[PDB]
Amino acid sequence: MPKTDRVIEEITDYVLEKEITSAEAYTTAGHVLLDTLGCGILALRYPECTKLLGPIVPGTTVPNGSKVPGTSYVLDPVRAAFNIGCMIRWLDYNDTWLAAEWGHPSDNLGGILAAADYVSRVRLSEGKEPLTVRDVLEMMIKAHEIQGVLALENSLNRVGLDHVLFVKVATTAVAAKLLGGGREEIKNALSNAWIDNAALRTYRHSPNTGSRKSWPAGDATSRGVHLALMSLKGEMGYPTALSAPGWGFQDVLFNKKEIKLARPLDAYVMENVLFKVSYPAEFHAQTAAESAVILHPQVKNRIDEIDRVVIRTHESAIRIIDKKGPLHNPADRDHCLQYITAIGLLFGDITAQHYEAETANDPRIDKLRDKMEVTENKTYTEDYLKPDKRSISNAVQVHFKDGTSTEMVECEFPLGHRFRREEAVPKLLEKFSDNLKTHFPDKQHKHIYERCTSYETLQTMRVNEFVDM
């Protein structure tokens, strides 16, 4: 009788009843699983990340608790979802989806993995069968789809809200399902997600750019798991959470426009996901990084002596990462098109260490940044949104004081774009192995690598056993 908003019904129906049949989705989801966990492990090398991990109260004991990869923490699933989601996102190294809204749908793994691990351990304690990694993969496919299809035509950034609302929405649905919710519970959780927090994006932008860019998605996935658990206790929903006149999400926050699902939900997002294969860096600078690295040998010994650097880019890069003047922390820097491009030119490589004070204090960087001129190419802006292409284009050309110049080096498709997928896969696996090596000893690193890259047998691995760190 009360009449639930269509978008919430459609998400619910997809989660509960849609069968995923794409081989290619499952194969790509396997890559996203390892790539994401690798990113999370690498983040344990960063004390700014680690300081936010662990239980609220040290020495808390949680029966059948979710384990946090790379650690000895055993946590409630909400807290574990925060820990994992915080890790995997921290270094701006994880996967990415770009349309009307921006985001990183792998962020949902925080909630998915924590909830699937908890459910598995509880089942085991009750003498029942745990979930398998294939269940994790399916839930990732569906989380990706929900967040990514929402992102196609709904721009939260244009109304000043962070993208992580779509993480909370996607996680809440897939978590509710994992935890055994039916149609009513999933609907009710979703409605509570839409009514909830929508965090601002003040921390992703000048002058306030900061480390909340790294942990907001963890906070949102965690919240989704929490809302799902409340729903499983039978807490009531809000049928017209989106549409209610005056008080609904659409009228309050979305400029009275309808939230829309631009296509039927299936496996399109996972199939077309973007990887950050080589460099941690804000995605809109990934191709400027690639072009800078190409130019590096031509500039490395001409080292100051550069008169100006031209950077041609697309509109999203201008809106987010186009900054002049002092940069104050690693988040600020890794969200700076000019900084990233300077690192590529100066060093021929980009690692998360380049964003730290030790490197940033190199006086050459800021001198080279103040020579950079960033302008929009309107064709790049168009091609960024065109469905058969979805390029993320930048071009870079260096001019010298003698009047000569390098060629203008243009990159439309970074190595993580679907068009370069066959080339990328072996490099993704190298990235995974390198990331594991930073944290795990030889025996454990080789064992994880081996299990995770044997995709056939991986499917049938129990989730609790898979969480072997």
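Residue indices: 1-based, along the sequence shown.
Undergrad: Do the CA atoms of 340-348 or those of 299-307 have the higher mean B-factor in the entry?
TA: Mean CA B-factor is higher for 299-307.
Undergrad: Can you tell me which stretch has the higher mean Cα B-factor, 86-94 or 350-358?
TA: The recorded data point to 350-358.
Undergrad: Based on what the PDB entry reports, which of 335, 378, 223, 142 has the top C-alpha B-factor?
TA: Within the set 335, 378, 223, 142, 378 shows the top C-alpha B-factor.
Undergrad: Using the entry's values, work out which of 276, 79, 319, 263 has the largest Cα B factor.
TA: In this record, 263 carries the highest C-alpha B-factor of the candidates.
Undergrad: In terms of the chain's CA B-factor thirds, is residue 162 lowest, middle or highest?
TA: Within its chain, residue 162 is a lowest-third residue by C-alpha B-factor, going by the deposited values.
Undergrad: Going by the entry, which third of its chain does the Cα temperature factor of residue 400 land in?
TA: It falls in the top third of the chain.
Undergrad: If you rank the chain by CA B-factor, which third does residue 23 end up in: lowest, middle or highest?
TA: According to the entry, residue 23 has a C-alpha B-factor in the chain's highest third.
Undergrad: Of the three thirds of its chain by CA temperature factor, lowest, middle or highest, which one includes residue 458?
TA: Within its chain, residue 458 is a highest-third residue by C-alpha B-factor, going by the deposited values.
Undergrad: Taking the entry's C-alpha B-factors for this chain, is residue 313 in the lowest, middle or highest third?
TA: It belongs to the middle third of the chain when residues are ordered by C-alpha B-factor.
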